[PDB]
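Engineer: Please find the sequence and an experimentally derived structure below.
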Amino acid sequence: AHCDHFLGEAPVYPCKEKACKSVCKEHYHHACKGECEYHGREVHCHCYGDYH
């Protein structure tokens with residue numbers, strides 16, 4: 001169980017760090033952390049969790 005893995009992405013705009021972490025658990029139930037990062041031009045909510 002490491003939160004060092006990306007599980008996927010969550011569509012969160014505007015992307016708040018805490019909201020991202022929250023929406024990530026909605027999409028990916030085994031997600032623990034979510035963080036907003038800019039990729040390209042838009043901000044993506046990256047869902048961290050343990051991939052199993």
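Structural biologist: Done, it's in. Residues are numbered from 1 along each chain as shown.

Engineer: Contact partners for the residue most central in space within the chain?
Structural biologist: Centroid-nearest residue in the chain, with CA atoms, centre = their mean: residue 47, separated by 2.3 Å. By CB atoms under 8 Å, 6 or more residues apart in numbering, the contact set of residue 47 is 6-10, 20, 24, 27-28, 31, 33-34. Backbone N, C-alpha and C define where each C-beta goes, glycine included.

Engineer: beta partners for it?
Structural biologist: As for beta bridges, residue 47 partners with residue 8, residue 34 under DSSP bridges.

Engineer: correct me, but residue 20 touches residue 31?
Structural biologist: No. The pair residue 20 / residue 31 is not scored as a contact, 9.8 Å apart, by CB atoms under 8 Å.

Engineer: For residue 13, what are phi and psi?
Structural biologist: Backbone dihedrals for residue 13, given as degrees, to the nearest 10, come out at phi -140, psi 120.

Engineer: Any idea how many residues pack against the residue lying closest to it once chain neighbours are set aside?
Structural biologist: Counting by CB to CB, 6 or more residues apart in numbering, the nearest residue to residue 13 once its immediate chain neighbours are dropped is residue 43, at 7.0 Å. Number of residues near residue 43 (other CB atoms under 10 Å) recorded here: 16.

Engineer: bridging residues for residue 43?
Structural biologist: Going by DSSP bridges, residue 43 is paired in beta bridges with residue 38.

Engineer: separation between it and residue 2?
Structural biologist: Here the criterion is CB to CB, to the nearest Å. By it, residue 43 lies 24 Å from residue 2.

Engineer: And residue 50, by the same measure?
Structural biologist: According to CB to CB, residue 50 and residue 2 sit 5 Å apart.

Engineer: Compare neighbour counts for those two and give me the winner.
Structural biologist: Shown here are residue 50 and residue 2; by other CB under 10 Å, residue 50 has more neighbours (13 against 9).

Engineer: so what's the more buried one up against?
Structural biologist: Residues near residue 50 by CB under 8 Å, 6+ apart: 1-3, 5, 30, 32.
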